[PDB]
Every structure is written in C-alpha cells, then in structure tokens.
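See below for protein07.tsv, which holds TSV, C-alpha atoms and all ligand atoms.
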```
chain	number	residue	atom	x	y	z
W	1	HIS	CA	34.86	8.16	15.27
W	2	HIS	CA	31.26	6.92	15.12
W	3	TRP	CA	30.03	3.38	15.25
W	4	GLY	CA	29.55	1.39	12.01
W	5	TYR	CA	30.27	-2.02	10.52
W	6	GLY	CA	33.99	-1.71	9.63
W	7	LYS	CA	37.15	-3.18	11.11
W	8	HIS	CA	37.80	-0.29	13.50
W	9	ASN	CA	34.21	0.71	14.41
W	10	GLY	CA	32.12	-2.45	13.90
W	11	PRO	CA	30.25	-4.82	16.21
W	12	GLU	CA	33.40	-5.90	18.07
W	13	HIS	CA	34.01	-2.30	19.17
W	14	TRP	CA	30.41	-1.30	20.09
W	15	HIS	CA	30.70	-2.35	23.78
W	16	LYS	CA	33.13	0.48	24.57
W	17	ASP	CA	30.50	3.19	23.91
W	18	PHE	CA	27.52	0.88	24.63
W	19	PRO	CA	28.49	-1.53	27.44
W	20	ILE	CA	25.06	-3.19	27.17
W	21	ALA	CA	26.52	-4.82	24.02
W	22	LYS	CA	27.73	-7.50	26.47
W	23	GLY	CA	24.41	-7.61	28.34
W	24	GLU	CA	22.22	-10.53	29.31
W	25	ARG	CA	19.67	-10.35	26.44
W	26	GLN	CA	21.50	-9.19	23.29
W	27	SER	CA	20.32	-9.77	19.71
W	28	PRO	CA	20.51	-11.28	17.21
W	29	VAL	CA	20.97	-14.92	18.18
W	30	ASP	CA	21.27	-18.25	16.42
W	31	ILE	CA	17.91	-20.08	16.44
W	32	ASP	CA	18.59	-23.76	17.17
W	33	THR	CA	15.38	-25.20	15.67
W	34	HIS	CA	15.68	-28.56	17.42
W	35	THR	CA	15.65	-26.94	20.85
W	36	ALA	CA	13.11	-24.17	20.34
W	37	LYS	CA	10.19	-25.73	22.17
W	38	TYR	CA	6.63	-25.49	20.86
W	39	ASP	CA	4.50	-23.36	23.18
W	40	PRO	CA	0.78	-24.19	22.77
W	41	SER	CA	-0.12	-21.27	25.07
W	42	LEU	CA	0.91	-18.77	22.37
W	43	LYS	CA	-2.27	-17.17	20.97
W	44	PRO	CA	-2.17	-16.40	17.21
W	45	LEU	CA	-0.04	-13.49	15.98
W	46	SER	CA	-2.06	-10.56	14.61
W	47	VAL	CA	-0.34	-8.27	12.08
W	48	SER	CA	-2.80	-5.52	11.12
W	49	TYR	CA	-1.21	-3.17	8.59
W	50	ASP	CA	-4.35	-2.01	6.74
W	51	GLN	CA	-4.31	1.81	6.56
W	52	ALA	CA	-0.63	2.12	7.61
W	53	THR	CA	0.78	5.51	6.59
W	54	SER	CA	4.41	5.73	5.53
W	55	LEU	CA	6.01	9.19	5.56
W	56	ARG	CA	9.59	9.12	4.45
W	57	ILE	CA	12.66	7.01	3.73
W	58	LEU	CA	16.03	7.90	5.20
W	59	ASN	CA	19.63	6.78	4.59
W	60	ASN	CA	21.00	7.07	8.16
W	61	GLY	CA	24.54	6.01	7.21
W	62	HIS	CA	23.96	2.39	8.40
W	63	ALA	CA	20.88	1.25	6.50
W	64	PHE	CA	17.67	2.88	5.22
W	65	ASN	CA	14.61	3.39	7.43
W	66	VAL	CA	11.07	3.64	6.07
W	67	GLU	CA	9.25	5.70	8.68
W	68	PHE	CA	5.56	5.72	9.50
W	69	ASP	CA	3.18	8.26	10.96
W	70	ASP	CA	2.49	6.53	14.29
W	71	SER	CA	0.26	9.31	15.72
W	72	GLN	CA	-2.94	7.20	15.46
W	73	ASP	CA	-4.01	3.64	16.22
W	74	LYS	CA	-3.18	1.89	12.92
W	75	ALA	CA	-0.55	-0.59	11.86
W	76	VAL	CA	-0.42	-2.74	14.93
W	77	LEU	CA	1.10	-6.01	16.07
W	78	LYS	CA	-0.57	-7.99	18.86
W	79	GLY	CA	-1.23	-11.56	19.97
W	80	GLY	CA	1.43	-14.25	19.86
W	81	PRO	CA	3.85	-13.71	22.74
W	82	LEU	CA	2.67	-10.14	23.23
W	83	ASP	CA	0.50	-8.58	25.92
W	84	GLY	CA	-1.23	-5.49	24.63
W	85	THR	CA	-0.69	-3.71	21.34
W	86	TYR	CA	2.44	-2.55	19.58
W	87	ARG	CA	2.39	0.20	16.93
W	88	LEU	CA	4.56	0.23	13.81
W	89	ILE	CA	7.06	3.10	13.64
W	90	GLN	CA	9.60	2.01	10.99
W	91	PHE	CA	11.10	-0.81	9.03
W	92	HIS	CA	14.59	-1.41	7.67
W	93	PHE	CA	16.83	-4.19	6.40
W	94	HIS	CA	20.24	-5.72	6.98
W	95	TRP	CA	22.04	-7.31	4.06
W	96	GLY	CA	25.31	-8.75	2.80
W	97	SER	CA	27.98	-8.04	0.23
W	98	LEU	CA	27.21	-11.55	-1.16
W	99	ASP	CA	24.01	-13.65	-1.22
W	100	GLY	CA	25.57	-16.14	1.25
W	101	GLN	CA	25.41	-13.72	4.18
W	102	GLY	CA	23.43	-10.73	5.38
W	103	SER	CA	20.87	-11.78	7.98
W	104	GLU	CA	21.28	-11.07	11.67
W	105	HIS	CA	19.41	-14.03	13.09
W	106	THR	CA	20.53	-17.39	11.84
W	107	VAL	CA	18.62	-20.70	11.69
W	108	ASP	CA	20.77	-23.68	12.76
W	109	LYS	CA	23.70	-21.38	11.83
W	110	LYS	CA	22.29	-20.67	8.33
W	111	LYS	CA	22.65	-17.04	7.18
W	112	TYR	CA	20.05	-15.62	4.78
W	113	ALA	CA	20.84	-12.96	2.16
W	114	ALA	CA	19.07	-10.25	4.16
W	115	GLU	CA	16.64	-9.64	7.01
W	116	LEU	CA	13.71	-7.23	7.31
W	117	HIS	CA	12.91	-5.71	10.72
W	118	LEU	CA	9.51	-4.10	11.36
W	119	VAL	CA	9.86	-2.11	14.60
W	120	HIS	CA	6.86	-1.51	16.88
W	121	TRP	CA	6.43	0.23	20.26
W	122	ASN	CA	4.13	-0.88	23.12
W	123	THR	CA	1.29	1.64	23.13
W	124	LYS	CA	1.02	1.54	26.92
W	125	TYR	CA	4.16	3.73	26.99
W	126	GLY	CA	2.76	6.53	24.81
W	127	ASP	CA	5.58	6.85	22.27
W	128	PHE	CA	8.78	5.23	21.06
W	129	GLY	CA	11.05	7.34	23.23
W	130	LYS	CA	9.38	6.28	26.46
W	131	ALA	CA	8.97	2.69	25.27
W	132	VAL	CA	12.73	2.27	24.85
W	133	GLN	CA	13.08	3.01	28.58
W	134	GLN	CA	11.19	-0.24	29.29
W	135	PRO	CA	12.11	-3.96	29.11
W	136	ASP	CA	8.86	-4.73	27.20
W	137	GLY	CA	8.81	-1.47	25.21
W	138	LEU	CA	9.36	-2.91	21.72
W	139	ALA	CA	8.35	-5.79	19.45
W	140	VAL	CA	10.34	-6.43	16.26
W	141	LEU	CA	8.99	-8.69	13.55
W	142	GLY	CA	11.92	-10.22	11.67
W	143	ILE	CA	11.56	-11.68	8.17
W	144	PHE	CA	14.34	-13.46	6.28
W	145	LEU	CA	15.09	-12.74	2.61
W	146	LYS	CA	16.49	-15.28	0.16
W	147	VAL	CA	17.48	-14.60	-3.45
W	148	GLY	CA	15.16	-16.15	-6.04
W	149	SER	CA	11.94	-14.78	-7.51
W	150	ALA	CA	11.38	-11.04	-7.15
W	151	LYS	CA	9.11	-9.69	-4.43
W	152	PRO	CA	6.81	-7.29	-6.28
W	153	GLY	CA	5.87	-5.42	-3.08
W	154	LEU	CA	9.52	-4.52	-2.50
W	155	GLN	CA	10.01	-2.80	-5.85
W	156	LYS	CA	8.74	0.63	-4.78
W	157	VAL	CA	11.41	0.62	-2.05
W	158	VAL	CA	14.13	-0.46	-4.49
W	159	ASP	CA	13.20	2.25	-6.95
W	160	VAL	CA	13.56	5.16	-4.50
W	161	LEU	CA	17.02	4.11	-3.30
W	162	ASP	CA	18.88	6.05	-6.01
W	163	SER	CA	17.50	9.25	-4.42
W	164	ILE	CA	18.91	8.42	-0.97
W	165	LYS	CA	22.30	7.05	-2.01
W	166	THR	CA	24.38	8.66	0.74
W	167	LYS	CA	24.22	9.21	4.50
W	168	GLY	CA	21.69	11.85	5.59
W	169	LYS	CA	19.64	11.86	2.40
W	170	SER	CA	15.89	11.37	2.80
W	171	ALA	CA	12.89	11.34	0.45
W	172	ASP	CA	9.10	11.56	0.63
W	173	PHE	CA	7.79	8.03	0.74
W	174	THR	CA	4.04	7.93	1.18
W	175	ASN	CA	1.45	5.20	0.67
W	176	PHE	CA	3.91	2.32	0.88
W	177	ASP	CA	2.06	-0.84	1.99
W	178	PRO	CA	4.25	-3.18	4.10
W	179	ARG	CA	1.70	-6.00	3.68
W	180	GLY	CA	3.44	-6.60	0.34
W	181	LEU	CA	6.60	-7.68	2.25
W	182	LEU	CA	5.01	-10.47	4.33
W	183	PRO	CA	5.29	-14.22	3.67
W	184	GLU	CA	2.22	-16.49	3.63
W	185	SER	CA	2.74	-18.13	7.03
W	186	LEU	CA	3.01	-16.33	10.37
W	187	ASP	CA	4.71	-19.29	12.04
W	188	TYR	CA	7.44	-17.84	14.24
W	189	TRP	CA	10.10	-18.20	16.88
W	190	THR	CA	10.13	-15.75	19.82
W	191	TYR	CA	12.58	-14.75	22.53
W	192	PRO	CA	13.49	-11.66	24.64
W	193	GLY	CA	16.30	-9.53	23.21
W	194	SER	CA	17.56	-6.15	22.14
W	195	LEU	CA	17.96	-3.61	19.38
W	196	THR	CA	20.74	-4.82	17.08
W	197	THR	CA	22.32	-1.41	16.45
W	198	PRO	CA	23.55	1.08	19.10
W	199	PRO	CA	22.16	1.90	21.60
W	200	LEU	CA	21.49	-1.92	21.75
W	201	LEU	CA	18.73	-1.41	24.36
W	202	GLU	CA	17.13	-4.54	25.85
W	203	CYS	CA	13.50	-3.68	25.16
W	204	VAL	CA	12.53	-6.16	22.42
W	205	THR	CA	10.20	-9.12	22.20
W	206	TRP	CA	11.62	-10.68	19.02
W	207	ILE	CA	9.20	-12.46	16.66
W	208	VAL	CA	11.14	-14.11	13.81
W	209	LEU	CA	9.07	-15.66	11.05
W	210	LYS	CA	10.07	-19.12	9.86
W	211	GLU	CA	9.05	-18.59	6.20
W	212	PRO	CA	11.43	-16.34	4.23
W	213	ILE	CA	10.37	-14.08	1.41
W	214	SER	CA	12.13	-14.30	-1.93
W	215	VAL	CA	13.63	-11.22	-3.58
W	216	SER	CA	15.47	-11.13	-6.90
W	217	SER	CA	19.20	-10.88	-7.30
W	218	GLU	CA	18.52	-7.53	-9.06
W	219	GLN	CA	16.58	-6.19	-6.05
W	220	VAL	CA	19.36	-7.00	-3.57
W	221	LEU	CA	21.99	-5.68	-5.96
W	222	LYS	CA	20.32	-2.26	-5.76
W	223	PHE	CA	20.48	-2.39	-1.94
W	224	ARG	CA	24.23	-2.90	-2.42
W	225	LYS	CA	24.56	0.33	-4.46
W	226	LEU	CA	23.75	2.44	-1.39
W	227	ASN	CA	26.62	4.16	0.41
W	228	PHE	CA	27.58	4.38	4.10
W	229	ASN	CA	29.47	7.64	3.42
W	230	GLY	CA	27.89	11.09	2.99
W	231	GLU	CA	27.85	12.95	-0.33
W	232	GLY	CA	31.26	14.27	-1.27
W	233	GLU	CA	33.04	11.65	0.82
W	234	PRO	CA	34.93	8.61	-0.49
W	235	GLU	CA	32.53	5.88	-1.58
W	236	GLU	CA	32.06	2.96	0.82
W	237	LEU	CA	29.31	0.63	-0.36
W	238	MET	CA	26.53	-0.02	2.19
W	239	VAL	CA	26.92	-3.82	2.54
W	240	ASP	CA	27.36	-6.24	5.46
W	241	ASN	CA	25.39	-4.01	7.86
W	242	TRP	CA	24.49	-7.00	10.08
W	243	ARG	CA	25.50	-7.74	13.67
W	244	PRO	CA	26.56	-11.41	14.22
W	245	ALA	CA	24.74	-13.75	16.53
W	246	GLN	CA	25.30	-13.05	20.25
W	247	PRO	CA	25.43	-15.41	23.23
W	248	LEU	CA	22.06	-16.86	24.15
W	249	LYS	CA	22.83	-16.77	27.91
W	250	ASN	CA	20.22	-19.47	28.68
W	251	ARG	CA	17.24	-17.61	27.26
W	252	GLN	CA	14.64	-19.97	25.83
W	253	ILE	CA	13.45	-19.57	22.24
W	254	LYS	CA	9.80	-20.63	21.80
W	255	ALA	CA	8.16	-21.87	18.60
W	256	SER	CA	4.58	-21.01	17.64
W	257	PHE	CA	4.26	-24.16	15.53
W	258	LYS	CA	4.81	-27.89	15.70
W	301	ZN	ZN	17.40	-4.25	12.37
```
What's the structure tokens form of this structure?
Ligand SMILES: [Zn+2]
Amino acid sequence: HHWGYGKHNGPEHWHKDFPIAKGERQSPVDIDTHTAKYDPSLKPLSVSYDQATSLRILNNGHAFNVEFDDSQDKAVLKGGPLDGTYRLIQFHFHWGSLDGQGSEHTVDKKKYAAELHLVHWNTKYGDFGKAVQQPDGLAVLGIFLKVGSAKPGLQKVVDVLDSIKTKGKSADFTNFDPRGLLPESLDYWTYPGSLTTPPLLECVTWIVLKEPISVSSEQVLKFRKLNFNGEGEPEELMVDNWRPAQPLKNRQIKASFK
C-alpha cells in the first residue's frame, strides 16, 4: 500500500508514513499576493541553463521526471534569495484532470492547469543525497502553466510520453533544453518550504515565478494519457498528481518585484 494521489493513499494519508507532512514548513502554499512584501534586498535571480545535459525521462508512477547529468558545474540557479549555487538535477510537472485545476501553489487561491518544478541542489553539500539532509539543501523553481497557445519547447517532452506510459518505464532523453520552458520575466515570490511528494523533506527555498507559460490543450491532454499503474495492471490515468496548499504557519512570502 504505497503512497499516491487516490482516496485511500493520497495527500490526506501521507502523514502516517511521513509525519513531517504536518511540519512547520510544508509546501505548497497559497500565495496571498497582497501580503507578499517586496524585498529590495533580493539580488537578481540567475538561471543559467546553457550546456545543461539531460539523460533520461522516467515514469515513476506519480509523474514523469526528466533527469540531468549533474556531475559537472552546469545548469545552475543562483542569486535571488539564494546564497551560493544550486545545480539542476531534474524537472517534473503536476497537472489536473481538467484545465481548472492542477497546480500545487495557488495565487490568491487561483489554481493553474499545471505546474513545472525544476529541482536543484546546493553545491556546498556535494550531491543531492547529502543536500536533502540539510534545511537549505534544495532550491525549486516553480512555473505555472495555463492552457492557451502551445509552448514549442515543451513538444519534445510531449512526444516521448507514449514510450513511458506506465510506472517504471524510462527512455533515453538527451539534449533537451529546459530554457525553452521559461517565461519572459523572472519576477518571483519566495519562501522556505518542502518537497511536495514523500518524503516531504523541509530542505527547499521555493522560487515561484509570477508569469505563467502557456501550453496548448493538446499538450496537456497528452500528459493526461499517462498512467499511474504499471504495465499489465488496470489503467488509472495519471491526473490530479498535485498536493493541495498547506498551512503557512506564519512564514513570510517575499516578492522580488513591486
Ligand atoms: Zn513537484
């Protein structure tokens, strides 16, 4: 009986195996835009993805992860709220069964159709596994998706999904450029939080961009053809793989912009 997103194993049950689910800095949260104070001390955010090297894409039974070779100093996030440098290891999405839901963070309670998470580890800790033992081990860049015009840079992801339909399937996925997934503006909100799937560890400086990207209805429909089940098991469509907003517990959300 493993964790998932269903009635008997979903977010409301996670705390039994992962008591930190009720911790002091859980994610996602609702971003109340009126009360996220502008912080002029935030230096500009630096997203440097030139020469990033993707390796593989994996259906892990919850979402799909595009994994990067993080053995060298390339694909880094720095500046903004961050001290030091954080190295990209993977990205993935959360999405809905319907366009009206799917994101994890919300903006004045608004849910977007999906949300992209680019996961990075603080290089001072040597690798991801040691970084997740630290309260400043991770930085996740979150990007909202709305349904409208297609995002051309997403298409190469969409087109490999048929080859990883079910849990445990993976495929070679080299030379994918995540710069094609980024909106124009780097204006953001930031706050201290956690991973949003088990083990829910409280390592993350969250950086959530204000500007969504647009993807087409057809692109998100192909996300919704993935399966949570493994091959040869009854088909359960991979949809609504988002955790709802969690209590803020007096954390402050800061805005990079006026
Ligand atoms: Zn995520």
What are the closest atom pairs, with distances in Å to one decimal, for each residue of chain W lying within 12 Å of ligand ZN 301 (chain W), using all atoms listed in the file, rows by chain and rising residue number, as a tab-separated table?
```
residue	atom	partner	partner_atom	distance
W:27	CA	W:ZN301	ZN	9.6
W:28	CA	W:ZN301	ZN	9.1
W:62	CA	W:ZN301	ZN	10.1
W:63	CA	W:ZN301	ZN	8.8
W:64	CA	W:ZN301	ZN	10.1
W:65	CA	W:ZN301	ZN	9.5
W:66	CA	W:ZN301	ZN	11.9
W:90	CA	W:ZN301	ZN	10.1
W:91	CA	W:ZN301	ZN	7.9
W:92	CA	W:ZN301	ZN	6.2
W:93	CA	W:ZN301	ZN	6.0
W:94	CA	W:ZN301	ZN	6.3
W:95	CA	W:ZN301	ZN	10.0
W:102	CA	W:ZN301	ZN	11.3
W:103	CA	W:ZN301	ZN	9.4
W:104	CA	W:ZN301	ZN	7.9
W:105	CA	W:ZN301	ZN	10.0
W:114	CA	W:ZN301	ZN	10.3
W:115	CA	W:ZN301	ZN	7.6
W:116	CA	W:ZN301	ZN	6.9
W:117	CA	W:ZN301	ZN	5.0
W:118	CA	W:ZN301	ZN	8.0
W:119	CA	W:ZN301	ZN	8.1
W:120	CA	W:ZN301	ZN	11.8
W:139	CA	W:ZN301	ZN	11.6
W:140	CA	W:ZN301	ZN	8.4
W:141	CA	W:ZN301	ZN	9.6
W:142	CA	W:ZN301	ZN	8.1
W:143	CA	W:ZN301	ZN	10.3
W:144	CA	W:ZN301	ZN	11.5
W:194	CA	W:ZN301	ZN	10.0
W:195	CA	W:ZN301	ZN	7.1
W:196	CA	W:ZN301	ZN	5.8
W:197	CA	W:ZN301	ZN	7.0
W:198	CA	W:ZN301	ZN	10.6
W:200	CA	W:ZN301	ZN	10.5
W:204	CA	W:ZN301	ZN	11.3
W:206	CA	W:ZN301	ZN	10.9
W:208	CA	W:ZN301	ZN	11.8
W:241	CA	W:ZN301	ZN	9.2
W:242	CA	W:ZN301	ZN	7.9
W:243	CA	W:ZN301	ZN	8.9
W:244	CA	W:ZN301	ZN	11.8
```
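The gap separating CA of residue 214 in chain W from CA of residue 237 in chain W is 22.8 Å, in Å to one decimal.
Ranking W:151, W:111, W:224, W:74 by their shortest atom-to-atom distance to residue 50 in chain W, with all atoms listed in the file included, puts W:74 first.
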- prompt: Which of these residues is nearest to residue 199 in chain W, using all atoms listed in the file: W:249, W:22, W:7, W:1?
  reply: W:22
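Note that the spacing between CA of residue 212 in chain W and CA of residue 145 in chain W amounts to 5.4 Å.
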- prompt: Neighbours of residue 150 in chain W within 8 Å (only C-alpha atoms; same-chain residues fewer than 5 positions away dropped), as JSON, numbers by chain?
  reply: {"W": [214, 215, 216, 217, 219]}
Just the selected residues (C-alpha atoms), exported as a PDB file, in the frame of the given file, please.
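What ended up in selection_31.pdb:
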```pdb
ATOM      1  CA  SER W 214      12.130 -14.300  -1.930  1.00  0.00           C
ATOM      2  CA  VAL W 215      13.630 -11.220  -3.580  1.00  0.00           C
ATOM      3  CA  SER W 216      15.470 -11.130  -6.900  1.00  0.00           C
ATOM      4  CA  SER W 217      19.200 -10.880  -7.300  1.00  0.00           C
ATOM      5  CA  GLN W 219      16.580  -6.190  -6.050  1.00  0.00           C
TER       6      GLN W 219
END
```
From W:26, W:166, W:227, W:48, residue lying nearest residue 245 in chain W [all atoms listed in the file]: W:26
- prompt: Which residue gives the smallest distance to residue 39 in chain W among W:98, W:231, W:201, W:188, with only C-alpha atoms counted?
  reply: W:188
query: So how many Å separate CA of residue 70 in chain W and CA of residue 181 in chain W, to one decimal?
result: 19.1 Å
- request: Would you mind listing what lies within 7 Å of residue 106 in chain W as a PyMOL selection string, with only C-alpha atoms counted and same-chain residues fewer than 3 positions away left out?
  value: chain W and resi 29-31+103+109-111
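Nearest to residue 164 in chain W of all the residues W:42, W:226, W:107, W:21 is W:226, counting all atoms listed in the file.
Comparing W:85, W:185, W:190, W:229 by their smallest distance to residue 251 in chain W, the closest is W:190 (using all atoms listed in the file).
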query: Could you tell me, as an MDAnalysis selection string, which residues have any atom at most 8 Å from (31.3, -6.2, 5.1), counting only C-alpha atoms?
result: chainID W and resid 5:6 96:97 239:241
